[PDB]
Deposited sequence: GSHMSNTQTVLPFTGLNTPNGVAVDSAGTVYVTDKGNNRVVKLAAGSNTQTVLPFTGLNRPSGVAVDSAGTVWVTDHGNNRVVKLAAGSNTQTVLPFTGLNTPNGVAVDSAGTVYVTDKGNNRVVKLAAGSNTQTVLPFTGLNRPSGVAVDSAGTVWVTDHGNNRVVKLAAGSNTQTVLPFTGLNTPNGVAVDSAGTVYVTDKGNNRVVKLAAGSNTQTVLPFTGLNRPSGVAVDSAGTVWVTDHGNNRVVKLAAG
């Protein structure tokens, strides 16, 4: 593993990576989002304003950055105009994901639900998950399958594309799973926050990734080359492992 050269992070939560290898991190305790260009030593604070304990971050292929502004019950995006997305009724939203169509998915953690907003729409859809308990991370693959970490229930669930009912993924021994990412090949990675580890599922037999010294890992992201980035929330750092 290598430790990325961020400085002064305070409980980093979410992480996202784009196709040029730029890494974006929500610096939750400093109310800011920072980024590192590939191979750079200086981080840049993005011109978001008014953030309060931001949690999740996602980036689309057009370089637009979406952040769940947890403490303000809202989702904001940056194209340098910041705009607030027209979600309604959110309660401490935390995970965010965006598909190729520009559809934004949010885990509405305080309301035990997952909602989505189609691009340029004033229509919020509640996804038909059931029995969720503080859902925390969300990922969506190219086929439209949605994965959610059901933090409070120590499980990961998914709604297969076109399905009306969720399935529980065959992970074993999770303790408050927090972040989820899915690569091009359908491999799912989950930060098992309460066990200080990152696991993955290609299969019903999971693997533990060979990170060392994690302390409540939170966010996870994977790039097109299979490199895995994890916010090591308890150690105020971001670490990565190449494939």
Tell me, which runs of residues in the deposited sequence have no coordinates at all? 1-7, 87-89, 213-214, 256
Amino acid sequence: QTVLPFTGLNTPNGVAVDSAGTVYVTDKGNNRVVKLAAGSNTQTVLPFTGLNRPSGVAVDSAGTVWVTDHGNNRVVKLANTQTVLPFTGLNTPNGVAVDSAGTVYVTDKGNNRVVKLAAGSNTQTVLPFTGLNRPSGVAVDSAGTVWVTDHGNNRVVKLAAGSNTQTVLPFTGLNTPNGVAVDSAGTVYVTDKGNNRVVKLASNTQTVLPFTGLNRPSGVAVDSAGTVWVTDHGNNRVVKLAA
From here on, numbers count along this sequence of modelled residues.
So 22-30 or 54-62, which one's hotter by mean CA B-factor in the entry? 54-62
Would 204-212 or 40-48 have the larger average of its C-alpha temperature factors, as given in the entry? 204-212
For 180, 174, 198, 67, the deposited C-alpha B-factor is largest at 174
Per the PDB entry, maximal CA B factor within 101, 97, 115, 78: 101
Chain thirds by Cα B factor, record data; residue 227 belongs to the highest
Among the modelled residues of this chain, does the Cα B factor of residue 142 put it in the lowest, middle or highest third? highest
Taking the chain's C-alpha temperature factors as the reference, tell me which third residue 3 falls into: lowest, middle or highest. middle
Split the chain's modelled residues into thirds by Cα B-factor; residue 133 lands in the middle
Relative to the other modelled residues in the chain, which third contains the C-alpha temperature factor of residue 157: lowest, middle or highest? middle
